[PDB]
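Visitor: Chains as they are written, first to last, in the authors' numbering: chain W, 2 to 174; chain C, 2 to 513; chain E, 2 to 459; chain F, 0 to 459.
The structure is given below, and queries will be raised subsequently.
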Ligand SMILES: Nc1ncnc2c1ncn2[C@@H]1O[C@H](COP(=O)(O)OP(=O)(O)OP(=O)(O)O)[C@@H](O)[C@H]1O
Ligand SMILES: Nc1ncnc2c1ncn2[C@@H]1O[C@H](COP(=O)(O)OP(=O)(O)OP(=O)(O)O)[C@@H](O)[C@H]1O
Ligand SMILES: Nc1ncnc2c1ncn2[C@@H]1O[C@H](COP(=O)(O)OP(=O)(O)O)[C@@H](O)[C@H]1O
Ligand SMILES: [Mg+2]
Ligand SMILES: [Mg+2]
Ligand SMILES: [Mg+2]
């Protein structure tokens with residue numbers, strides 16, 4: 002799992018993208034790179050023991066509609082170190098870094114009942130009090146809560162479900 | 002899954018331009034500092050074994066050349082360094098001041114004066130790492146190196162160009178024996194070098210004081226790497242001393258180098274290796290620890306006169322040079338099975354074993370005759386000493402065996418009794434006090450008295466006083482013969498008759 | 002200005018901006034709840050990461066705490082104001098008295114004195130204990146080491162040395178409690194204060210309950226103070242409670258710092274860590290430090306690398322043994338391993354040397370007879386081997402001595418034996434002039450007089 | 000052209016990268032310019048795309064990353080045949096005696112397969128050393144291997160020198176001497192001994208000395224063995240003297256650590272037995288010719304039990320195990336009759352007289368060893384008369400083993416002695432059956448012949 006080796010490439014690529022302001026374009030470039038890594042015929046090649054130069058240039062020939070100067074050179078660095086499989090994780094961490102820089106957050110709202118638009122509106126306002134970032138609410142419907150709303154801002158969770166209140170009470174006794 | 006010094010701003014630099022410009026391959030930047038090892042990024046042209054210059058006036062040795070990294074060890078106080086400092090590779094391997102003017106000085110392993118007597122008056126510089134003379138450039142060792150201790154000079158001869166291991170436990174007299182051997186060369190024409198690895202500084206001050214009380218200091222170079230100095234300096238300290246010894250060897254002169262605690266060098270190379278993350282071996286020592294001591298000790302050689310003429314470009318003709326090595330090793334409670342002792346025992350030309358059970362029973366110096374051997378043989382002795390010493394070695398081994406056998410048996414037989422109380426008396430005879438080295442005439446005289454049975458009727462406690470009285474009597478009455486033996490080492494029926502007369506006249510007319 | 006980014010045991014990693022990264026051994030500072038925590042920098046890693054040892058409890062640290070960069074090493078109070086007081090590794094007062102009114106503070110990381118600055122002395126400094134002086138004489142301005150396993154008396158022997166040496170010493174002294182029992186230090190402090198000698202002793206305590214960083218750097222702090230009193234031109238007595246713990250703290254930290262193990266699981270830099278501390282506790286042409294160091298040996302193994310490398314750094318080494326303590330013989334010094342650099346005919350005189358070598362020769366012969374005694378018993382010995390055994394047993398018993406600090410155990414009154422008395426006694430025993438007394442007469446008696454007197458009492 | 004580049008330099012191990020098409024094979028050889036000097040590399044492993052891990056055949060100092068490397072498309076090949084006689088060469092087959100070029104007509108590769116099973120030969124022609132204990136307890140055939148097992152300073156070099164004098168002069172054929180990890184002083188001594196003996200012109204010498212890098216010492220033996228195989232395939236009978244096999248394995252251990260091989264027991268390489276077997280199997284006598292081999296092996300700490308001495312025991316026909324204990328007591332040669340033997344000591348091969356004499360000596364000595372311990376407790380006072388005769392015979396027999404060597408006259412002053420097989424069988428049978436206890440114990444010591452033993456007793 003490449004969670005720990007993806008950070009340097011994500012950070013460096015994001016800083017360079019910021020200096021040249023084409024952050025959205027860089028995200029497109031990385032999305033394209035992540036999808037070619039999932040291909041059945043490429044995922045076989047990436048596991049073979051080819052020398053980095055040959056392997057990279059095959060990938061670069063396949064990777065049309067990227068910028069030679071910058072994006073394809075990121076590809077070269079990752080090929081040297083044998084880390085092209087880190088691209089599906091470098092993409093996620095680049096998106097995280099962008100969300101942090103743009104002071105914008107994505108959070109999930111979960112309930113057994115489909116929420117009314119006024120409920121979602123007040124949720125967004127309250128969350129923007131709790132969180133400095135603006136919030137994009139994601140609606141998930143799950144009968145598990147049985148009632149109430151589960152607020153899931155990533156690792157930070159506020160539980161407002163009856164079932165949670167019940168299984169919390171059961172351990173008090 | 003691990004990083005490899007791929008870090009954010011370096012990656013951003015490569016993102017801007019993958020084929021980063023040539024710039025200078027001469028220079029780079031420190032990226033890590035720890036325990037005296039630094040990692041450098043850049044230095045595309047750094048050679049393996051090359052000196053890297055650091056801010057201030059400090060250096061490092063490039064030991065690991067890896068894929069976009071150099072591992073280097075710092076030859077001094079490292080803790081002042083920091084990440085992001087620039088460094089430049091020299092063109093230079095490590096070299097040290099060398100010459101005749103080093104005699105009487107105390108220097109560190111970089112050759113800087115440490116005694117405070119002012120700057121050096123050396124004769125140029127020599128490489129610390131160098132190759133030994135080849136097979137066709139050697140000559141057989143035949144001249145003696147006179148130690149001054151009866152047991153050593155009789156049973157375990159040391160010749161010019163020999164490598165003789167001194168091995169034993171802590172506090173067994175190893176340092177004292179070596180330094181007394183230096184003192185005996187005070188008037189021998191052999192230059193002496195004492196290199197001290199990992200010892201505490203005041204001990205070095207104390208031995209230099211003893212070397213200064215006697216006249217030996219004006220004939221020796223002292224090279225010091227104290228316990229506070231970095232492992233690189235301790236590890237490189239023996240080779241600098243060897244590079245100073247090779248100056249005299251390559252110019253047709255004789256030198257004696259005393260490496261002190263070569264084991265405290267091996268610990269240092271181990272520290273460097275494990276800090277540089279190389280694969281460990283037995284007792285966690287690096288695999289190439291044999292190669293370290295092997296390429297150090299093989300520099301001790303005798304070189305033929307044609308090599309000396311070829312080297313000195315004909316300035317010195319017809320004289321062989323020599324470098325004699327006396328390494329010192331410490332055993333953990335005497336177990337020869339340990340890795341470093343077994344390697345150094347494999348490399349050397351002989352072994353002097355010093356035992357604490359002998360040292361505790363009054364037998365000082367505590368050399369064990371049964372397990373101590375010399376490969377050169379009597380070929381490194383003067384001929385008078387050769388005759389007399391031959392019998393001594395066998396007699397001592399056989400005496401030990403007989404002593405055990407006949408004591409627990411609590412028994413007697415006539416010839417065995419005679420042999421046993423001759424062996425006890427010669428064993429008592431080889432005891433000797435510190436800083437009292439004997440000339441070859443004195444040694445041969447006492448050994449003649451022992452071999453020819455004049456001690457057969459002296460009681461054991463009076464052997465020492467017998468020896469002292471004999472030496473004083475001879476030093477007043479028969480000095481021309483002592484001068485002749487000391488000048489020639491010859492042995493004739495005339496010499497034997499005169500020695501017989503001396504012993505007869507002494508034992509009749511004197512008392513002890 | 003910095004953030005905590007990893008927390009492994011007692012080791013803490015902190016990230017700093019690339020232009021602001023700390024130097025090695027700089028001191029950092031963190032709020033740990035309502036506490037203040039000091040971190041000492043050990044290594045600079047790549048990318049502004051810096052790796053440190055917590056000088057305090059690591060519990061309660063989150064990631065992401067702000068760390069403040071104090072741009073200097075750990076610095077401690079120093080000089081005449083530090084006298085009669087008890088202090089932390091960080092130089093903080095640990096007694097309940099007020100602030101230490103120090104005029105000066107020194108960094109605990111310093112370079113050792115030059116070879117040109119050193120000094121040598123042959124002056125015998127008499128210690129009351131009979132065995133130490135005869136077998137291993139110790140000179141003023143030198144190093145003495147007490148080697149022993151667990152519970153063999155290397156603390157108590159040092160308290161007798163403190164009592165006897167303080168008789169003829171006038172100047173100041175420093176005591177470093179490194180990784181030992183708190184109770185020993187508390188008892189010591191109250192003995193010092195109840196005898197009004199505390200006004201001349203400075204104490205640093207880093208005892209065995211404290212986290213690894215404290216126990217590692219407490220020793221260096223004590224050396225800083227001893228070096229101040231040396232550099233004022235005085236002569237100083239420095240007592241180290243246990244130097245073994247200092248190497249063991251480095252062992253405890255070493256693997257967490259990312260270093261491959263060496264020999265029996267030790268840190269690869271062991272010899273340099275020991276040497277870099279040992280070379281600055283030394284005398285100079287301006288003043289002299291006299292030091293006694295207790296050296297614990299693990300599992301009674303005198304060949305273990307830590308005790309083994311400690312042997313080389315000392316002038317007089319006294320080796321205690323459990324086998325002798327189990328026989329009742331205290332102080333349990335082994336005469337066949339205890340040694341001194343000062344036992345020379347020139348330094349101590351021919352009588353002092355001849356008596357010691359006779360004692361060693363007789364005892365060494367006693368050892369070689371033990372196997373035949375074990376298998377066959379004493380009646381199969383030679384008629385003078387029996388005499389050797391008798392004199393060796395008498396000598397073994399006369400090495401024993403009552404201590405003024407052992408009255409709490411033995412109940413017997415203590416004894417002080419001067420040099421012109423013990424060598425007379427041993428020379429007489431060796432020559433057989435006192436051979437007629439029984440073995441028990443020599444147990445726990447001060448002088449030969451007390452032995453013959455005790456024989457009159459059977 | 001040069002097609003590869005150095006990517007790492009770690010001690011004796013050099014990493015080289017080539018284009019993925021032209022990757023050199025295992026045990027191929029590469030060449031690079033280190034400063035002013037040509038350095039040879041030998042390929043050990045192919046790892047990843049285009050990279051070979053290699054061992055340097057010279058000093059590693061001065062190598063940079065990015066140096067060009069050229070792939071010589073063959074293993075290291077050395078000059079063989081008549082042109083090598085009287086010359087000293089290194090691992091690469093270059094001349095180190097300063098007499099000029101070798102002037103060879105053929106060059107062979109030092110890596111090759113062993114003779115086929117079908118090609119081996121069986122013969123049991125006995126050879127006479129003139130040395131009592133060896134001729135008695137470990138008789139040599141022709142074409143077999145002889146191991147001299149010993150720790151430091153027990154007589155391996157003196158025995159090898161005396162054996163060279165006795166066997167080589169009578170051999171009337173070529174010989175090869177291989178110095179593996181040998182002291183340079185002793186190499187010079189041997190060279191001057193051979194030229195003063197005027198036998199140098201029938202011996203070829205290969206030296207890789209202690210100071211040399213691990214690559215040199217590792218491959219030196221294979222060079223000498225390749226020369227011996229060249230002489231064998233011409234149809235000749237040759238002697239191969241190898242001065243220590245242990246440091247072949249030890250150079251292998253130093254190399255193995257850095258090759259990335261996972262360590263094995265006692266710190267040895269995983270491949271120890273494989274490497275030893277690949278060397279020893281080439282040293283045989285085939286239907287076309289015969290190699291006769293004498294090998295010294297260092298046993299660390301006299302252990303005799305650690306893997307390197309253990310593995311080497313299997314390969315040898317004749318085994319002589321020198322013991323520190325016998326040498327320490329002052330008796331030479333230090334051969335232990337209770338651990339030394341040859342597969343030629345067969346009553347069919349040697350004959351009844353020889354066999355039952357040797358086996359009787361060995362039986363006597365074992366009984367002596369059993370009595371020896373409790374003699375310390377009992378003296379000879381509580382021993383029985385049956386014990387007293389046996390101990391007398393055993394003690395004097397042990398002294399009769401001791402022989403002065405022509406080599407060892409330097410150490411001893413006494414002339415070297417020569418004893419024939421029939422003679423020493425007579426003498427040991429003479430104390431076996433004749434039991435000439437008339438004579439003092441030292442009359443059996445270092446005398447050589449039976450006649451000289453009784454004459455020494457007649458003199459004292
Ligand atoms: N011939 C001798 N007679 C008396 N004392 C001696 C003699 N040789 C050495 N000594 C004494 O032995 C003691 C130890 O000396 P030395 O330091 O040389 O020993 P060592 O085995 O080299 O110890 P270490 O490895 O600890 O330095 C000293 O007190 C020295 O005076
Ligand atoms: N002179 C003595 N007479 C009697 N007992 C003694 C003497 N010296 C020491 N002991 C015994 O040793 C015990 C422990 O003493 P001490 O603290 O000095 O030992 P230690 O080896 O330093 O132990 P530790 O490392 O656990 O502190 C004492 O309580 C006492 O029983
Ligand atoms: N036959 C012998 N006669 C006399 N000395 C011998 C004999 N064999 C061995 N030695 C002694 O062994 C030492 C040299 O032996 P050598 O064979 O060179 O050592 P190794 O066995 O380690 O190669 C010297 O002390 C030499 O006198
Ligand atoms: Mg010493
Ligand atoms: Mg205690
Ligand atoms: Mg040899």
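Note that the Cβ used here is the ideal one computed from N, Cα and C, for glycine as well.
My guess is that residue 271 (chain F) and residue 307 (chain F) are in contact by the Cβ rule of under 8 Å, so how many angstroms apart are they, rounded?
Guide: Correct: roughly 7 Å between the Cβ atoms.
Visitor: Ligand 5 and residue 185 (chain E): does any heavy atom of the ligand fall closer than 7 Å to the residue's C-beta?
Guide: Checking the Cβ of residue 185 (chain E) against ligand 5 gives yes.
Visitor: So which of W:75, W:54, W:146, W:18 has the shortest CA-CA distance to residue 18 (chain F)?
Guide: With distances taken between Cα atoms, residue 18 (chain F) lies closest to W:54.
Visitor: Pick from C:463, C:439, C:254: whose alpha carbon is nearest that of residue 476 (chain C)?
Guide: It is C:439 whose Cα lies nearest to the Cα of residue 476 (chain C).
Visitor: Is residue 175 (chain C) close to ligand 4? I mean its beta-carbon at under 7 Å from any heavy atom of the ligand.
Guide: Residue 175 (chain C) has its Cβ nearer than 7 Å to a heavy atom of ligand 4.
Visitor: Sorry if obvious, but does the Cβ on residue 169 (chain C) come closer than 7 Å to a heavy atom of ligand 1?
Guide: yes
Visitor: Cβ atoms of residue 48 (chain E) and residue 9 (chain C): under 8 Å apart, would you say?
Guide: yes
Visitor: If you measure from the beta carbon of residue 442 (chain F) to each beta carbon in chain C, is any gap under 8 Å?
Guide: no
Visitor: So, using beta-carbon positions, are residue 219 (chain E) and residue 298 (chain E) closer together than 8 Å?
Guide: With respect to residue 298 (chain E), residue 219 (chain E) sits apart: the two C-beta atoms are not nearer than 8 Å.
Visitor: Which of the residues in the region 40-70 of chain F, read from start to end, lie with their CB under 8 Å from any CB of chain C?
Guide: 58, 59, 60, 61, 62, 63, 64, 65
Visitor: Does the Cβ of residue 156 (chain E) lie closer than 7 Å to at least one heavy atom of ligand 5?
Guide: yes
Visitor: Among the candidates C:97, C:131, C:137, C:117, whose CA atom is the shortest distance from the CA of residue 97 (chain F)?
Guide: C:137
Visitor: What do you get for residue 233 (chain C), buried or exposed, if any count of 16 or more other CB atoms within 10 angstroms of its CB means buried?
Guide: buried
Visitor: Please confirm if residue 50 (chain W) has its CB atom under 8 Å from at least one CB of chain F.
Guide: yes
Visitor: Against chain C, with Cβ distances strictly below 8 Å, would residue 68 (chain W) count as a contact?
Guide: no
Visitor: On the three-state DSSP scale, how would you describe residue 1 (chain C)?
Guide: Because chain C is modelled from 2 through 513, residue 1 (chain C) falls outside the range shown and cannot be assessed.
Visitor: Report yes if the C-beta of residue 407 (chain F) is less than 7 Å from at least one heavy atom of ligand 3; otherwise report no.
Guide: Yes; taking the cut-off as 7 Å, the Cβ of residue 407 (chain F) has a heavy atom of ligand 3 nearer than that.
Visitor: Quick one: measure Cβ to Cβ for residue 132 (chain E) and residue 334 (chain E), integer angstroms, because I've assumed they're closer than 8 Å.
Guide: 4 Å
Visitor: Put residue 19 (chain C) into one of helix, strand or coil per three-state DSSP.
Guide: coil
Visitor: Under a Cβ-count criterion, where at least 16 other Cβ atoms within 10 Å of its own Cβ denotes burial, should residue 70 (chain W) be classed as buried or exposed?
Guide: exposed
Visitor: Return yes when the Cβ of residue 56 (chain E) is within less than 8 Å of the Cβ of residue 463 (chain E), no when it is not.
Guide: It is not possible to answer for residue 463 (chain E), since the shown part of chain E is limited to 2 through 459.
Visitor: Between residue 287 (chain E) and residue 236 (chain E), which are expected to be in contact by the criterion C-beta below 8 Å, what is the C-beta distance as a whole number of angstroms?
Guide: Residue 287 (chain E) to residue 236 (chain E), Cβ: 11 Å. No contact.
Visitor: Determine, for residue 45 (chain C), whether the minimum Cβ-Cβ distance to residues of chain W falls below 8 Å.
Guide: no
Visitor: Can at least three beta-carbon pairs, one atom from the region 132-146 of chain C and one from the region 110-118 of chain C, be found at a separation below 8 Å?
Guide: With a cut-off of 8 Å, the region 110-118 of chain C and the region 132-146 of chain C do not count as touching, because too few Cβ pairs lie within range.
Visitor: Tell me which residue opens and which closes the beta strand (DSSP E) that residue 217 (chain E) is part of.
Guide: No beta strand (DSSP E) holds residue 217 (chain E); the alpha helix (DSSP H) holding it covers 213-232.
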